[PDB]
Amino acid sequence: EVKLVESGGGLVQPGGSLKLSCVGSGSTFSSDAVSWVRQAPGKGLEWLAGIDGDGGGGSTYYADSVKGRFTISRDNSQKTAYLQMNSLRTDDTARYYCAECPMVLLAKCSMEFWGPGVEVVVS
Amino acid sequence: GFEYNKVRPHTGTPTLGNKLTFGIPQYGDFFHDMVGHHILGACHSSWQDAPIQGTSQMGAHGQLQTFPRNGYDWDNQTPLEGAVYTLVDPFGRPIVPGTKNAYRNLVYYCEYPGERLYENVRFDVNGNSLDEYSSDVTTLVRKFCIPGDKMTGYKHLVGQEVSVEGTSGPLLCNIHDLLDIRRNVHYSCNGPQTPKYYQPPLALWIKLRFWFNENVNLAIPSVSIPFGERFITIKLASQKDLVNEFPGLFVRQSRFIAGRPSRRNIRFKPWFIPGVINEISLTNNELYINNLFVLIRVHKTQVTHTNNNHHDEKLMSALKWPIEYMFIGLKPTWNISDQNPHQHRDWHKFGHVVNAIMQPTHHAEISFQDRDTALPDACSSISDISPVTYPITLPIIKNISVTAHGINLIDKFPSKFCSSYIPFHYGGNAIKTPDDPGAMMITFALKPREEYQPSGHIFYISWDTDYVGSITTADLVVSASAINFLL
Amino acid sequence: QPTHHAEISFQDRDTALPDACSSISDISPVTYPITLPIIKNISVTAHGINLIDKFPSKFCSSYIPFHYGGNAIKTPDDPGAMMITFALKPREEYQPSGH
Amino acid sequence: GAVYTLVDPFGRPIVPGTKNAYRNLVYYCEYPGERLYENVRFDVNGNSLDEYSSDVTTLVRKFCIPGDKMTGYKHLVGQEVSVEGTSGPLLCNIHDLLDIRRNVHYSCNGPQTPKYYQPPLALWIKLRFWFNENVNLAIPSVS
Amino acid sequence: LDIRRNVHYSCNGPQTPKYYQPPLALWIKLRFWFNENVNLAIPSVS
Amino acid sequence: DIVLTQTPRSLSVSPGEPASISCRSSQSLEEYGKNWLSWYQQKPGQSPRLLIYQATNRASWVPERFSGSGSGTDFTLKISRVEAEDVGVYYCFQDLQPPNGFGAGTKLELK
């Protein structure tokens, strides 16, 4: 069964940077597009970033609110995806999920497999 | 002496699926053979967008096409571990999904598209059709009457590809007797039947068959009736009955099977959404006629449709003229049905054609270390993009019987007996023995073609089959030559 | 060029692309001599008559052997080998009907 | 990454700089029997009754020979004839909308196959004149 | 630069080794002095 | 870019009664002949879970009470009979082109 594990969020001062890992066990994680999605407390879900799988390219797509501030990556040798937050502000405290579309390109993919997510608090 | 002349089409602007009228002028006393010349225009499929993954789109012939998600089987359910699906060209080139105007389907003509083209040839003399024939009797006289020595040129006349022979390099072989250099011989085709992105304009030279085409001495006089009275009406095939599309996109799955040995299996399945082919522009539509400057054998044909299960018998009374031989062809209606994905390959085939699929797979076994060498450490199993397809033509008839009125004549003869022994033993040098089990030959009166002298003369076609009934029917085609007297 | 291809993965974590590939060709390739026509139109112009006048090469080379000559004349496989008939049937009997 | 070595045409390594290391593979022409007789002439104190070349021989090969008598003619002019062989039994899946089939391969062995040592080749080249068509058209030898 | 299709050949008959050979219908001709022509048939009344 | 507006925010529907969720797009969400809106359901205390993909299809776990929205620019999820396990938050998600967006988020709670 395809599983995802996020790690991890914690107490971060309003000036800093975080490196969130998302480890997947689904036997096709290297060919599966990975999205990073935000749920702020007292607010609905908010899409943040997306990255393609191997085959065709490695293009990254970004939300306009966090474009340039964020840096998405993936290392398929350990079946991990990476989210780098740089200079995150006080409204960035939220529950963060990595979602694994069972599809290569992240253009119109459906976020099928999710993980428990990690709660990132900014203080 | 003799010369040749051209006839312009009387209809004006020929279009596929529409009747063409040709008018015979007055230029001599005798004219027997004639050839319709056409130059079918270049064709190509429309540009099509690459599909998104995880989408199933409705394909041709009621067969759904699908681009599965990763970790699933072909049907986008019942998950298959390690399956990864991408898009490739038919020659292995990657295609990015979601791209606008990403690929074209590969247009390919029919096998023998020239015989398929002239769907209904009729010789009218103010109505009163002297001879009306179709594509099926032309296929019958191809499988029987053409000697086979003059086949490749005939294959050039009707636009059929001819196999070209090539050779590899020198190779070492060991000779066992109870060390030698040999070259492998390969064959490859190039014609319109090979799927191409851009088909060139195909030149078709189609012969017309009547009672006077057999011999030069049987040409009817043109002075008995005026030249402003004879017309030739050709109803052509549709644009969908001549060119078909081949998949210009293939869903490629790579499946990783872990453990020992660790296998990488690469397989392919076509993605075939029907595109649009541009209209075929008929060009240089001429009718070459030989003019000679100074009783008969008529193809009395009738093709009928039969739907009864496991046995059938028909009713007919039209044939009254004496005959000499009797050519039979049984074709399931699924051969020419538009729901058949292989109907362009099998429209001419007299029999039930199943498909045999060779899947040539490259295999390799690699060991990364020299301690545990019992099993390979990794294996590669790569299939070709398109497999090798053999059309295997199995018979439909188990027993044939042409029941006459007072005599039974042919009664429950086996299909193989007729179809093989009768062409082999009768007909002289003219009759080639067909390769199709449903192409049958039966004799009634005398030897079929050796001399111009009848030694004697004199018909409900019936059969017992193992083929299905109302699910898939069967049609009968005849090219029996009747002896007619003109007075 | 008949080429053997193989795709080998040394490991089971990153199996999206093969770890190694082999593409081995044969020493000598497979060569097909494709014989394309050179003539677009043929014409044997006589003195008072034109006789053959701009017939297409395929028309002659394919239809004339197919229709004329009886069983003796094999139809050639080469487009540049054309056949043209002037007087009568080529080989059926020992009697001239005209020249 | 390009690395260049020398190999024999059957895959055997050849060391560069070796004296007398390899031989070219001699092979005959296709139809050397027709190629051999480049100019056939029938002289009667000069006054050539028939003079013909290889080109008309190729023309009458492609047209006049019935084609049933190919292999023997291909044996007469020293042309290789393809020999058919078969592989083992192989599994196939029959699709109708599970079977045992054997592949059929073809391979040649004659002079046109490049060999290190061509054996002595016997050519039986026919002569074409006006009297070769029928037995009744033979010219008298007493005139 | 060109599009070509490979042509392969394969057999299916009794000479192909199979686990289970189907029943084979053999039709064997008989050769005598009268089989060459229809006019050379011997009378059956003599 | 494309902004998805959820007209219902809270319904307070009785158990066993149908419920309706509306989501409107800025322009057409349709490309290659299929709609590209998804519906996601988040139960209290659980991660988000795909409920409907391509605006008319459903996941394997989905029981036979979730309607396949509509077509064009306006879509409406309909639940025939709320079974007290459907209490949660529903989202309409853009799947046309990146950057993809989520809806306002409608909270369904029984009454």
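Reminder, nothing fancy here: chain letters follow the sequence lines and each chain counts from 1.
B:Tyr109 and B:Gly41 make their closest contact through OH-O, 3.7 Å (heavy atoms, listed as atom of the first residue, atom of the second, distance). Nearest approach of B:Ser419 to B:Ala439, heavy atoms of both residues: OG-O, 3.0 Å. The two residues C:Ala87 and C:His99 have their closest heavy-atom pair at CB-CA, 3.8 Å. Annotation for B:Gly427 and B:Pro448: closest pair N-CD, 3.5 Å, computed over non-hydrogen atoms. Closest of all the heavy-atom pairs between B:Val477 and B:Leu140 is O-CD2, 3.8 Å. Across B:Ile461 and B:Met326, no two heavy atoms sit closer than the pair CD1-CE, 4.0 Å.
Side-chain contact between B:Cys145 and B:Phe327: present, with at least one pair of heavy atoms (C-beta onward) separated by less than 4.5 Å. Taking the side chain as every heavy atom from C-beta outward, D:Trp130 and D:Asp50 approach each other to under 4.5 Å. At a threshold of 4.5 Å between non-hydrogen side-chain atoms, the residues C:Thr35 and C:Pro79 count as touching. Proximity of B:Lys349 to B:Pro391: side-chain heavy atoms (C-beta onward) are separated by under 4.5 Å at one or more points. Taking 4.5 Å as the limit, some side-chain heavy atom of B:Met151 sits within range of a side-chain heavy atom of B:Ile146. Contact of the B:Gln199 side chain with the B:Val243 side chain is not registered, since no non-hydrogen atoms from C-beta on lie closer than 4.5 Å. The side-chain heavy atoms of B:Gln343 and B:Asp241, taken from C-beta on, include a pair separated by under 4.5 Å. Using a 4.5 Å heavy-atom cutoff, the side chains of B:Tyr112 and B:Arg142 are in contact.
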Self-check item: Test side chain to side chain contact (heavy atoms under 4.5 Å, CB included) applied to B:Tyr27 and B:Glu3, step by step
Solution: CA-CA 10 Å; B:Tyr27 194 74; B:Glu3 283 182 351; 4.2 Å; yes

Exercise. Applying side chain to side chain contact (heavy atoms under 4.5 Å, CB included), run through B:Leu446 and B:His457 and close with a yes or a no.
Key: CA-CA 7 Å; B:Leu446 73 164; B:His457 59 80; over 6 Å; no

Quiz prompt | B:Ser129/B:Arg122 under side chain to side chain donor-acceptor pair (under 3.5 Å): CA gap, chis, key distance, verdict | solution = CA-CA 6 Å; B:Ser129 313; B:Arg122 206 165 85 244; 3.3 Å; yes

Quiz item: Should B:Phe444 and B:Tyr325 be marked as a ring pair (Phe, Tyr, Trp, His ring centres under 6.0 Å) after you check the CA-CA gap, both sets of side-chain angles, and the distance that decides it?
Solution: CA-CA 6 Å; B:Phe444 280 92; B:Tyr325 50 77; over 10 Å; no

Quiz item: So B:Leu292 and B:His32, side chain to side chain contact (heavy atoms under 4.5 Å, CB included) or not? Walk me through it.
Solution: CA-CA 9 Å; B:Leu292 278 157; B:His32 54 288; 3.7 Å; yes

Practice problem: Please report the C-alpha distance between D:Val60 and D:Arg128 in whole Å, then the side-chain angles of each, then the deciding distance to 0.1 Å, and finally whether the side chain to side chain contact (heavy atoms under 4.5 Å, CB included) criterion is met. | Solution: CA-CA 10 Å; D:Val60 306; D:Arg128 286 163 204 79; 3.6 Å; yes

Quiz item: Should B:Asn484 and B:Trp321 be marked as a side chain to side chain donor-acceptor pair (under 3.5 Å) after you check the CA-CA gap, both sets of side-chain angles, and the distance that decides it?
Solution: CA-CA 7 Å; B:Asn484 186 22; B:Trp321 274 266; 3.0 Å; yes

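Distance check, rounded to the nearest 0.5 Å: CG of B:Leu204 to CG of B:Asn285 gives 10.0 Å. Taken to the nearest 0.5 Å, the CD1 atom of B:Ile277 stands 7.0 Å off from the CG atom of B:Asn244. With values rounded to the nearest 0.5 angstrom, B:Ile24 atom CD1 is found 11.0 Å from B:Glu229 atom CD. From B:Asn215, atom CG reaches atom NZ of C:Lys89 across 9.5 Å, with rounding to the nearest 0.5 Å. Of the inter-residue distances, the one linking C:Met83 atom CE with C:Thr75 atom OG1 reads 8.5 Å to the nearest 0.5 angstrom. In this structure, B:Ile323 CD1 and B:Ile442 CD1 are separated by 7.5 Å, a value rounded to the nearest 0.5 Å.
Counting only distance, with no hydrogens or angles, the side chain of C:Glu92 and the backbone of C:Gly70 share no donor-acceptor pair below 3.5 Å. A distance-only check finds no donor-acceptor pair linking the side chain of B:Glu115 to the backbone of B:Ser134 [under 3.5 Å]. Using modelled atom types, no side-chain atom of B:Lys300 and backbone atom of B:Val478 make a donor-acceptor pair closer than 3.5 Å.
Salt bridge status for B:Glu161 with B:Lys155: absent, with no side-chain N to carboxylate O gap under 4.0 Å. One finds a salt bridge joining B:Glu119 and B:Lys235 here, because a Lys/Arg side-chain nitrogen approaches an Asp/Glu carboxylate oxygen to under 4.0 Å. In this structure, B:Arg230 does not pair ionically with B:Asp124, as no charged nitrogen and carboxylate oxygen lie closer than 4.0 Å. With respect to the salt-bridge test (charged N to carboxylate O, under 4.0 angstrom), the residues B:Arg449 and B:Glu214 qualify.
Classified by interplanar angle (parallel below 30°, tilted 30° to 60°, perpendicular above 60°), the ring pair B:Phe212/B:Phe31 is tilted. Classification of the C:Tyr63-C:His67 ring pair by plane angle, with boundaries at 30° and 60°, yields parallel.
In this structure, B:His38 has its ring center closer than 6.0 angstrom to the ring center of B:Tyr118. Annotation: D:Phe42 is in aromatic contact with D:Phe129 [ring centroid separation under 6.0 Å]. Here the two rings, on B:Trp205 and B:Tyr288, have centers that are under 6.0 Å apart.
For residues 43-60 of chain C, the set of pairs meeting the side chain to side chain donor-acceptor pair (under 3.5 Å) definition, not counting sequence neighbours, comprises C:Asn50-C:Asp53.
Side chains of B:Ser188 and E:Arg4: a donor on one and an acceptor on the other come within 3.5 Å. For B:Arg297 and B:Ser481, the side-chain atoms include no donor-acceptor pair closer than 3.5 Å.
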